[PDB]
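Only one structure is covered here, and it is reproduced in the block below.
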Amino acid sequence: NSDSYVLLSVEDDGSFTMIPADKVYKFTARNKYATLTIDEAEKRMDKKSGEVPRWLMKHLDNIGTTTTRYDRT
Amino acid sequence: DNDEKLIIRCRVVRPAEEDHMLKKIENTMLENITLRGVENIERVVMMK
Amino acid sequence: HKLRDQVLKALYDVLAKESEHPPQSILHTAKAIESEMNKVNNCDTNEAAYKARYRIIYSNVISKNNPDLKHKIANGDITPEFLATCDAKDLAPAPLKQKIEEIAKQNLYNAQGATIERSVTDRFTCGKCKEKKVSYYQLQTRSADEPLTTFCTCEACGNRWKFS
Amino acid sequence: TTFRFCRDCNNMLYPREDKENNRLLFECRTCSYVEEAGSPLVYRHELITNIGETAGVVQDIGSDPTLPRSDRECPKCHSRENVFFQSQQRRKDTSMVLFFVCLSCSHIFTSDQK
Ligand SMILES: [Zn+2]
Ligand SMILES: [Zn+2]
Ligand SMILES: [Zn+2]
């Protein structure tokens with residue numbers, strides 16, 4: 001409903017500005033926790049195990065592969 | 001058999017991850033252990 | 001003899017743990033040893049059923065419910081009979097016993113199944129026995145141009161016939 | 001038996017074991033947040049279900065017409081109006097229990113005679 005919305009801000013002098021809002025964007029945080037990747041993900045989700053390892057991501061982090069973006073920086 | 005609650009205590013002996021092994025084990029427990037009676041016979045009733 | 005002394009140790013422990021702490025310690029350990037010999041009078045460390053009966057009696061003493069069994073065994077309950085009881089379903093305690101018979105009665109009721117009973121009349125006679133206890137049914141089988149079937153079922157002997 | 005999600009990132013904490021102090025660390029797997037659980041109970045099955053007979057009590061049941069009406073009293077308000085209906089949990093195995101709800105006290109009560 002980006003069309004039906006419309007903006008009204010009080011300014012510093014008390015001016016009430018009149019903006020017809022055009023579009024809305026929703027933002028989600030991403031890779032805050034060192035996400036895994038596609039190929040080893042496929043070997044994980046393939047039906048080779050009765051259950052995948054419970055602490056598999058923690059074990060991969062302890063091995064050191066697939067660090068966070070902040071850690072790479 | 002004289003208690004007011006009937007419990008079976010069981011643990012795996014071992015010479016991580018034990019949750020899903022115990023899940024699979026108890027699933028097999030529930031399914032496949034015959035107790036008495038011949039298979040392919042279900043609830044049996046008796047008439048007069 | 002290790003099993004002998006272990007059962008003796010357990011028995012001395014559970015009778016010393018009783019509310020009636022018996023000053024007749026030698027008499028109650030005599031009760032313990034005579035229960036040991038009458039217990040091993042079954043198998044004497046030859047079969048695991050000895051251990052099973054041991055579990056039965058040991059946990060019956062422990063249970064609480066019931067506690068009064070400790071005083072009753074301390075002041076009676078001649079144990080050579082209690083080798084040959086096997087009779088844990090009729091002891092410790094009576095309310096659980098009453099629960100057991102009502103459970104068994106309900107199970108026996110639920111075992112025996114459907115008993116549909118074939119409501120009757122008295123107009124026709126049997127095709128074979130020739131008596132009037134006749135029971136029927138209605139439905140129509142063939143095409144629409146004709147009425148019902150008028151099923152018959154005798155009950156004096158169980159005969160079936162039909163009328164058009 | 002309920003699920004506790006990681007507060008830092010909305011994913012349910014998983015059971016994992018202290019290898020030395022022997023405690024229930026509900027750890028997040030998405031991030032590294034960890035949490036100590038309360039009871040050793042983790043998994044729970046309930047092979048036999050017998051619940052659901054009073055389902056869907058909305059605040060305005062009386063607005064429907066098709067519910068019948070009777071004359072028993074609410075044993076909180078004693079108003080003579082009430083609404084009753086069959087048990088909701090439709091199994092082949094359920095009962096003829098009637099659940100009476102009164103509009104006045106907005107209160108439910110049954111008519112079991114055990
Ligand atoms: Zn006949
Ligand atoms: Zn987390
Ligand atoms: Zn009321």
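FYI, nothing fancy with the structure tokens labels: chains A, B, ... in order, residues from 1 per chain, ligands from 1 as they appear.
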
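Proximal residues of ligand 1 are residues 125, 126, 127, 128, 129, 130, 131, 132, 133, 134, 153, 154, 155, 156, 157, 158, 159 and 160 of chain C, by a cut-off of 9 Å on only C-alpha atoms and all ligand atoms.
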
*At most 9 Å from ligand 3 (only C-alpha atoms and all ligand atoms): residue list as an MDAnalysis selection string*: chainID D and resid 73:80 82 101:109

* Surrounding residues as a PyMOL selection string, ligand 2, max 6 Å, only C-alpha atoms and all ligand atoms -> chain D and resi 6+8-9+28+30-33

| request: For chain B, work out the contacting residues on chain A at 8 Å, counting only C-alpha atoms, and write them as an MDAnalysis selection string. | output: chainID A and resid 51 53:54

Exercise. Can you list, as a count of residues only, every protein, DNA or RNA residue that comes within 12 Å of region 96-99 of chain C when you count only C-alpha atoms, leaving out same-chain residues fewer than 2 positions away?
Worked result: 21

- Message: Could you list, as a list in words, every residue within 7 Å of region 85-96 of chain D, counting only C-alpha atoms and ignoring same-chain residues fewer than 5 positions away?
- Response: residues 52, 53, 54, 55 and 67 of chain D

### Residue hits in chain B, query chain C, radius 7 Å, only C-alpha atoms, as a list in words
residues 45, 46 and 47 of chain B

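Residue nearest chain B within the list D:47, D:37, D:12, D:83: D:47 [criterion: smallest interatomic distance, only C-alpha atoms].
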
Please report, as a PyMOL selection string, each residue of chain A to which DSSP assigns alpha helix (DSSP H) when run on this structure's backbone. chain A and resi 38-45+56-63+69-72

I need the residues in region 42-151 of chain C that are strand (DSSP E) according to DSSP; give them as a PDB file with N, CA and C atoms, in the first residue's frame.
ATOM      1  N   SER C 135     -37.909 -63.918  12.892  1.00  0.00           N
ATOM      2  CA  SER C 135     -37.296 -62.603  12.859  1.00  0.00           C
ATOM      3  C   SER C 135     -37.066 -62.213  11.413  1.00  0.00           C
ATOM      4  N   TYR C 136     -37.140 -60.919  11.128  1.00  0.00           N
ATOM      5  CA  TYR C 136     -37.048 -60.490   9.745  1.00  0.00           C
ATOM      6  C   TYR C 136     -36.208 -59.225   9.613  1.00  0.00           C
ATOM      7  N   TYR C 137     -36.333 -58.640   8.413  1.00  0.00           N
ATOM      8  CA  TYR C 137     -35.573 -57.562   7.814  1.00  0.00           C
ATOM      9  C   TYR C 137     -36.287 -57.028   6.652  1.00  0.00           C
ATOM     10  N   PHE C 151     -36.845 -60.653   3.986  1.00  0.00           N
ATOM     11  CA  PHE C 151     -35.913 -61.638   4.538  1.00  0.00           C
ATOM     12  C   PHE C 151     -36.471 -62.295   5.788  1.00  0.00           C
TER      13      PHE C 151
END

Q.
Using only C-alpha atoms and a cut-off of 9 Å, which residues of chain A sit close to chain D? Please list them as a ChimeraX atom specification.
A. /A:32-35,54-58

Pairwise distance, CA of residue 49 (chain A) with CA of residue 42 (chain D), equals 22.2 Å

Note to self: Given only C-alpha atoms as the basis, pick out the residue of D:5, D:34, D:39, D:111 nearest to residue 72 (chain D).
What the structure shows: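 Among D:5, D:34, D:39, D:111, it is D:111 that comes nearest to residue 72 (chain D).
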
Q | Residues within 7 Å of residue 84 (chain D), only C-alpha atoms, excluding chain neighbours under 3 positions, as JSON, numbers by chain | A | {"D": [68, 69, 98, 99, 100, 101]}
